[PDB]
Amino acid sequence: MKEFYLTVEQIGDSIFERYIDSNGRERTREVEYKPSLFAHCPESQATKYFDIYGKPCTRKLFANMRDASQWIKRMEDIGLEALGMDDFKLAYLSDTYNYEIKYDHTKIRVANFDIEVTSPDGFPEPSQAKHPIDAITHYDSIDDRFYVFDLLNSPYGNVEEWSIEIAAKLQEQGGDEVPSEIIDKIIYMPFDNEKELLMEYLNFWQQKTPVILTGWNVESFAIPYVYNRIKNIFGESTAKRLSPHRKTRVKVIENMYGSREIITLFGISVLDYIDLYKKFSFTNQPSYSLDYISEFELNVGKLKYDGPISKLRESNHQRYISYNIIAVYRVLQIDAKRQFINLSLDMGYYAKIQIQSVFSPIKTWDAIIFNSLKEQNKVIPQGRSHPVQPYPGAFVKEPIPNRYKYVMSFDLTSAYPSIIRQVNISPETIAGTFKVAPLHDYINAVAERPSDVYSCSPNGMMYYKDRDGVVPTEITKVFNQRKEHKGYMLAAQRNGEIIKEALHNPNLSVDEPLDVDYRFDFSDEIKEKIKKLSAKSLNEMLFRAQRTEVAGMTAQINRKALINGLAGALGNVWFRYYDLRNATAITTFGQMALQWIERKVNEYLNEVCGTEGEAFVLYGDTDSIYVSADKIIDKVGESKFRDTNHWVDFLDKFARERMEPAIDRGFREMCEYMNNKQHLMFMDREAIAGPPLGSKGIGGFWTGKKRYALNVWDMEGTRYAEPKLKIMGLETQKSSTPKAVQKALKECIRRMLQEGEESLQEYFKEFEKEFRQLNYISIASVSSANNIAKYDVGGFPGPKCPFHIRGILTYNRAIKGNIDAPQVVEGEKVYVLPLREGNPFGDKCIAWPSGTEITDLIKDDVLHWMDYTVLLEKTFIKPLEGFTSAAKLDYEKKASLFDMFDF
DNA sequence: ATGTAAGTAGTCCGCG
DNA sequence: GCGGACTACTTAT
Ligand SMILES: [Ca+2]
Ligand SMILES: [Ca+2]
Ligand SMILES: [Ca+2]
Ligand SMILES: [Ca+2]
Ligand SMILES: [Ca+2]
Ligand SMILES: [Ca+2]
Ligand SMILES: [Ca+2]
């Protein structure tokens with residue numbers, strides 16, 4: 001096979017590389033890498049190296065990497081540019097792998113692990129590691145085995161061996177329900193003392209040295225704890241055995257009360273799954289406990305046990321170990337669904353970076369662009385210092401707050417990357433400037449044509465048309481991958497709806513799910529067979545289609561994020577190609593595009609409807625327009641439609657056959673006006689929205705910018721079996737809103753949009769009557785908690801103390817003394833509840849760590865003193881007041897003259 | 001070391 | 001009690 005790297009490090013004048021060789025075996029090597037950098041030279045000097053602007057450079061080949069670094073310093077002292085890749089391991093990877101890396105993940109050792117540490121005096125801090133590690137479960141992807149290291153003897157108790165037979169049993173029969181599919185994959189190793197457990201773990205680690213190291217919170221807990229515990233017991237040089245090159249760096253952050261640290265293990269790529277999840281999942285969760293995320297992602301139940309975790313090992317060691325094993329497996333299950341490890345490997349090898357650098361779009365793009373430029377013997381510019389400078393972004397239209405019955409939305413495909421490609425925006429394609437007119441003059445096509453020679457943006461910049469920029473070139477490659485995966489996601493989505501439709505009439509038979517590729521629209525013959533399948537087979541097919549959709553989602557949305565990240569990186573001062581002329585060239589062109597096409601759409605619809613001056617576009621944000629379709633429907637008359645799906649078909653066709661071609665003509669004119677390199681403004685229909693035919697539903701409403709709700713029947717060509725709410729910005733979409741309130745507000749919206757005012761009033765009345773009976777956690781608000789110490793004056797609130805921070809201080813006073821009460825961690829999330837006046841906590845609210853039950857000693861008082869009235873008022877009624885006043889209807893029946901009668 | 005726009009709701013304080 | 005300046009948090013793109 002082709003060789004490919006696993007890990008790379010720079011350690012002094014040596015590059016240390018782990019790799020897979022041509023026989024597919026893992027190897028390691030130390031290389032005295034001889035790097036090159038470059039300096040500008042006179043034109044007379046013949047060379048093969050040119051900077052991106054075409055000025056000649058001379059190559060400086062160095063004896064070692066230190067000499068190269070020292071030269072960069074002297075060039076700074078002299079005042080001349082030092083060109084080339086200054087991150088020498090990227091240069092090394094580029095020289096060593098001068099071809100498209102084709103990697104085989106079955107050769108890459110991916111390790112998932114988790115440890116347990118019993119601690120009777122609070123959270124076991126990794127930096128001190130003063131308590132025994134009494135369990136480790138370590139899954140190895142090459143072996144496909146869970147290696148379990150179990151401490152039987154400890155100062156906090158001596159226990160019997162864990163029983164795999166009890167672990168496999170149902171909970172309801174006193175077992176632990178360790179899933180059957182991993183029982184045969186467990187390798188259990190008990191130990192009589194911690195030293196031999198740890199010694200054996202290190203030897204194991206030597207034999208099976210992780211390349212990718214992951215798990216839940218491993219970076220902030222498991223890794224530093226293991227490292228520091230081994231250091232304390234055996235010494236630092238033993239702890240360094242966790243690095244295959246025996247090198248580590250200890251990063252210590254101090255939070256004033258008290259301290260913690262991150263350990264860099266040289267030669268390992270740590271991808272903490274919590275970090276992968278936060279970057280790649282596009283959720284914002286109220287809690288990031290593994291229980292909460294597992295339930296959210298997998299629909300599995302919370303691993304329950306009686307009593308505190310500090311006493312679980314002693315009271316039920318059997319369950320303690322099973323839960324350690326299950327927790328490692330849960331992460332693997334989440335990754336089987338989300339496929340973030342696969343994404344990370346794809347991206348890292350594509351860019352030729354350390355795999356952990358996928359967290360940095362700047363590093364990723366620096367590497368992609370460097371490699372692209374190197375291939376043409378071009379030399380990259382030196383990174384420079386720039387001061388932070390705010391700059392303008394997107395245009396958002398102010399909507400008239402209102403109900404909006406029939407709506408059709410359209411937006412640009414990959415807007416900012418498409419702008420880059422159309423205009424040809426790159427550091428080396430800049431041709432000059434032109435004198436700018438006010439933006440509205442371009443929007444209304446009264447401004448002078450910027451140029452008949454160069455491709456332009458209304459920020460005043462001009463770019464060469466007949467030569468390709470590295471930014472457009474490389475952004476196009478990732479966009480095309482993005483487009484492929486999005487196609488697969490949408491096919492799977494459409495296939496899902498076909499299955500949902502068929503589930504209305506399942507067949508009474510025993511059959512199997514069809515063997516199909518869900519990434520492609522089902523053939524007619526598959527559709528016929530589906531109509532004869534049982535519920536059993538259909539539900540399994542639906543699950544597979546949904547997993548295929550999620551896999552496509554992960555692949556497309558994160559490639560979308562990467563290319564959008566390039567447009568944004570042009571505005572980050574740490575990006576090598578930082579340039580506000582290019583950053584603003586993008587954002588200003590986007591502003592023009594949206595408002596240009598708003599004008600063109602209004603012009604077109606007035607024309608076809610035979611009217612003049614009517615406002616059809618009701619809203620837009622960045623690259624989208626929302627068109628009121630009421631007049632389109634009224635033109636033919638509602639009476640002509642047989643059912644909801646008939647008018648949906650009508651507008652779908654209208655959008656595709658009439659509006660899109662008008663939109664396209666509008667943008668081709670704009671492209672010619674700016675003399676752009678290539679027309680790439682493709683504004684396709686997103687949503688078709690309205691109430692069910694014959695209902696009193698209002699269809700949709702806006703309260704303001706970035707705040708609206710729509711009843712959607714078709715989304716980007718997916719015709720839904722059941723209408724789906726598209727709600728943006730409203731409290732149902734905010735992780736700070738209590739769970740049960742999100743749910744109740746969503747149902748208020750559903751009723752408003754689908755059923756009408758009276759349905760809403762009916763629901764509101766019921767929820768108000770029953771909400772006092774809801775679980776306290778389900779009605780608690782949520783907030784991130786930053787700068788707790790700043791507002792902490794003797795355990796009491798300092799001036800301008802935020803409400804949630806006040807609650808944390810109340811909690812801290814209440815638990816003072818308790819060494820078992822969970823502490824609120826700085827920057828993490830807390831549940832928050834208001835408290836009635838005269839409560840024993842001595843303040844108007846309390847807050848505790850999110851995703852947890854509040855500690856049992858104060859739980860009773862919280863429940864007794866919860867202010868339900870304030871809670872309902874603030875979290876539910878107030879948002880609902882905003883929705884309903886915007887939509888011009890009432891959530892409570894108004895008093896009237898009719899109240900005088902007995903109905 | 002991806003970007004900016006923009007929403008709600010908190011504290012503080014003014015207001016015969 | 002409500003609105004304006006300021007702070008915190010969160011979301012839409
Ligand atoms: Ca645990
Ligand atoms: Ca069960
Ligand atoms: Ca878009
Ligand atoms: Ca059937
Ligand atoms: Ca959009
Ligand atoms: Ca689209
Ligand atoms: Ca109590």
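Values below: every heavy atom of this structure, side chains too, minus hydrogens, waters and symmetry copies. The sequence lines fix the lettering, A, B, ..., with proteins before strands; numbering per chain opens at 1.
- Judged by a 6.0 Å distance limit and a 45° cone about the ring axis, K874(A) is positioned over the six-membered ring of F803(A).
- If you find the closest nucleotide of DNA chain B to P390(A) and to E731(A), the one lying nearer the 5' end belongs to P390(A).
- For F282(A) and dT11(C), the CZ to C1' distance is 13 Å, given to the nearest whole Å.
- Across the protein-nucleic acid pair, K878(A) atom NZ and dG7(B) atom P stand 13 Å apart, rounded to whole Å.
- Comparing the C1' positions of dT2(B) and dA12(C) gives an interatomic distance of 16 Å, to the nearest angstrom.
- Residue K726(A) has no polar side-chain atom (N or O) positioned under 4.0 Å from OP1 or OP2 of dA12(C).
- Aromatic stacking of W574(A) on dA1(B): satisfied, with centres closer than 5.5 Å and planes within an angle under 30 degrees.
- A sub-4.0 Å separation between OP1 or OP2 of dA8(C) and a side-chain N or O of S783(A) is absent.
- Nearest to the side chain of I362(A), among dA5(B), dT10(C), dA1(B), sits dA1(B).
- Between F764(A) and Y891(A), the ring-plane angle classifies as tilted under the 30° and 60° cut-offs.
- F701(A) places a side-chain heavy atom less than 4.5 Å from the side chain of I749(A).
- When heavy atoms are screened at a 4.0 angstrom cut-off, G729(A) is found touching the sugar-phosphate backbone but no base atom.
- Picking from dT11(C), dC12(B), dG3(B) the nucleotide with the shortest atom distance to the side chain of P799(A) gives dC12(B).
- Distances from the side chain of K734(A) to the nucleotides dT11(B), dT8(B), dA1(B) place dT8(B) closest.
- Cation-pi geometry between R806(A) and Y791(A) is not satisfied (NZ or CZ under 6.0 Å from the ring centre, within 45° of the ring normal).
- Looking at heavy-atom distances under 4.0 Å, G568(A) makes contact with a base.
- For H804(A), the side-chain atoms get nearest to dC9(C) when compared with the rest of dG7(B), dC9(C), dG3(B).
- Put simply, CD on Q742(A) is 13 Å from P on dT10(C), counting in whole angstrom units.
- Here the P atom of nucleotide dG7(B) and the CZ atom of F883(A) are 15 Å apart, to the nearest Å.
- Side chain of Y391(A), nearest nucleotide from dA12(C), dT11(B), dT4(B): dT4(B).
- We find that CZ of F876(A) is positioned 14 Å from P of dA9(B), with the value rounded to whole Å.
- Nearest nucleotide to the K705(A) side chain, out of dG3(B), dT11(C), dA6(B): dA6(B).
- When each of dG3(B), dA8(C), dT11(C) is scored by its nearest atom to the side-chain atoms of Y416(A), the top-ranked nucleotide is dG3(B).
- In this model, the phosphate group of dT10(C) is not approached by any side-chain N or O of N284(A) to a distance below 4.0 Å at OP1 or OP2.
- Atom CG in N787(A) sits roughly 20 Å away from atom P in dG10(B) (whole-Å rounding).
- Here the side chains of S287(A) and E828(A) are not in contact, with every heavy-atom distance at 4.5 Å or above.
- Considering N255(A), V830(A), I805(A) as possible partners of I788(A), the one that fulfils the side-chain contact (heavy atoms from CB on, under 4.5 Å) test is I805(A).
- For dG7(B), the OP1/OP2 oxygens have no side-chain nitrogen or oxygen of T703(A) closer than 4.0 Å.
- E474(A) and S372(A) share a side-chain donor-acceptor pair at under 3.5 Å.
- For the contact set between residues 556-567 of chain A and DNA chain B, defined by any heavy atom under 4.0 Å, the members are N564(A), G565(A).
- With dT8(B), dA5(B), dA8(C) as the choices, the nucleotide that has an atom nearest any side-chain atom of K706(A) turns out to be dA5(B).
- A salt bridge between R685(A) and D714(A) is present, with a side-chain N of the basic residue lying under 4.0 Å from a carboxylate O of the acidic one.
- For the pair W702(A) CH2 and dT11(C) P, the interatomic distance rounds to 20 Å; values are reported in whole Å.
- Applying the 4.0 Å criterion to OP1 and OP2 of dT8(B), one finds that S736(A) has every side-chain N and O outside that range.
- Between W596(A) and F667(A), the ring centre distance reaches or exceeds 6.0 Å.
- Applying the 4.0 Å criterion to OP1 and OP2 of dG10(B), one finds that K874(A) has a side-chain N or O inside that range.
- As rounded to whole Å, 12 Å separates atom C1' of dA8(C) from atom CD1 of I808(A).
- The shortest distance between the side-chain N/O atoms of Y791(A) and the OP1/OP2 oxygens of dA8(C) is below 4.0 Å.
- Under 4.0 angstrom from either OP1 or OP2 of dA8(C) there lies at least one side-chain N or O belonging to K790(A).
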